[PDB]
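Next up: a single chain in C-alpha cells, the form solved without the named molecule.
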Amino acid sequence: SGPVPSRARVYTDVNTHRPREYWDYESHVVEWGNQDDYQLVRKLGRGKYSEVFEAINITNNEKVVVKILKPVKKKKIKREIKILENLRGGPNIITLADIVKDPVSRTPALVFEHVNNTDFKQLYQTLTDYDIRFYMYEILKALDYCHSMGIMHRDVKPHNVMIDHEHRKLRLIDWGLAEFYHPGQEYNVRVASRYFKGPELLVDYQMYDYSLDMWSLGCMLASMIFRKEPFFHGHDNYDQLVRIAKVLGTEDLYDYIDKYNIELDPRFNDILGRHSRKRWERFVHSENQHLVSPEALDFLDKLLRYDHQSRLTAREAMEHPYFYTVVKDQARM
C-alpha cells in the first residue's frame, strides 16, 4: 500500500512547541534595507540562485558579503531569511547582518558578516588527521545547533563550509535550501547536490528529517579520509544509488525499501544488481592510510546507513571516540 511514516529520533517536536511565528515563514514580514549602504568591491562567486560579492559598509567601513538573489518566489526568500534570523549567533552558523533591496532594480540581497571566500573543497583533500577531526567536530556543532533549533540544512557539502584556516574557524553557509522539520511533513526530494544526496532522496522517500544532513556529512568525511573526490561518483541520480549500492551492498538497501514500503522506480530494476557490503579497507592505500584509523572507519560506518533512523545524530557523532582528542584539547583551551 502506501509508504510507512517516519519521525525524527531527536528534536522531533521542537517546532510544535514554538510560537507559530518561529516556523511560519510565509507570514514573516521583512523590513527591506537600502543596498546603497553597501558598495560592491569584487565578485566572490556564482551560484544557481545568487551572485556573491565582497562589499564595504560605508557607514562603518566594515567588510561584508552581499548575496544578490537571482529572481525566485518570495516564499523561498522568506524561508532563507527566517532560518538565518532563527539561527543567528549559533555556533559556526554564518551571521546575517542585513536584508536589502537595490532601490532601482528592486532585487533582493542578503548581507552577511564577512568570512573568507576559501570554501572547504579548496583544502579538504590536503588536511592532516587531526585537522579533519577538528573541522568535522566544528561542522557538527553547527548541525546539532540547527537540528536542535528545528531546522535541517539539506545542502551540506564542502562548498557550503567556509574555513579561515589561519584562525581555525568555520562557518556553515548557504541556507537557501534549508527547511523546518515538522513530524509527518513530506518534503521535496530535489535537494542537495548529486554526490551528497542521501538514499531517501534517491528512492523518493519524502518523510525525511535532520538525518539527511548526517548522510551528507558521511560523504564529506569519506572523501577527506580516503582522498577520493567525490566518494560516491554517480553519472546521474539513478547511477548515484548504484554507486552507493556497490559499497553499502544491496541487501541492506532492499531491507530498507521493505521496512518503509518504498515503491522503487522501475529504472532501478536492471541497474542496482546484487553487491556485497564492502569492508572499508578496500579504499585504503599508501596515499591515504595516515588519515584512516579504526576510529575514523567506525564513525564513518555509523553515518553512512541507508536507513535514516540508524544514522548517528549530530550529538551522538560528537561523542564518538574519533573526537576524543579534539574534545580534550577544547577543554584545555
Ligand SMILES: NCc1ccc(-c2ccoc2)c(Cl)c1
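We number the residues from 1 along the sequence you see.
As recorded in the PDB entry, 107 to 115 is the stretch of 83 to 91 and 107 to 115 with the greater mean C-alpha temperature factor.
Mean CA B-factor, 45 to 53 versus 271 to 279: the higher value falls on 45 to 53. Remark: of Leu304, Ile58, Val65, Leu297, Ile58 shows the highest value [criterion: C-alpha B-factor in the PDB entry]. Highest C-alpha temperature factor among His147, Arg171, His165, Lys197 per the entry: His165. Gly249 sits in the middle third of its chain by CA B factor, as recorded in the PDB entry. Residue-level temperature factors show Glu179 in the lowest third of its chain, judged at the C-alpha atom. When the CA B factors of the chain's modelled residues are split into thirds, the value for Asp102 lands in the highest one. For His153, the recorded CA B-factor ranks within the lowest third of the chain. Only modelled residues enter the ranking. Ranked within its chain, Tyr124 lands in the highest third, by CA B factor from the PDB record.
The following text describes the form deposited with the named molecule bound, which does not appear among the structures shown.
Against the named molecule in the deposited bound form, the set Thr107, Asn117 and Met220 is in full contact: each member has a heavy atom within 4.5 Å. None of the heavy atoms of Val30 is located within 4.5 Å of the named molecule in the deposited bound form. Of the heavy atoms in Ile68, some are within 4.5 Å of the named molecule in the deposited bound form. Using a 4.5 Å cutoff between non-hydrogen atoms, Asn15 counts as a contact of the named molecule in the deposited bound form.
Interface membership of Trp215, defined by any non-hydrogen atom within 4.5 Å of the named molecule in the deposited bound form, is ruled out. Note on the partner interface in the deposited bound form: the residue among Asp301, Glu62, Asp36, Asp307 having a heavy atom within 4.5 angstroms of the named molecule is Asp36. Of the listed positions (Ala192, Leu248, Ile132, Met149), a single one reaches within 4.5 angstroms of the named molecule by any non-hydrogen atom in the deposited bound form, namely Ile132.
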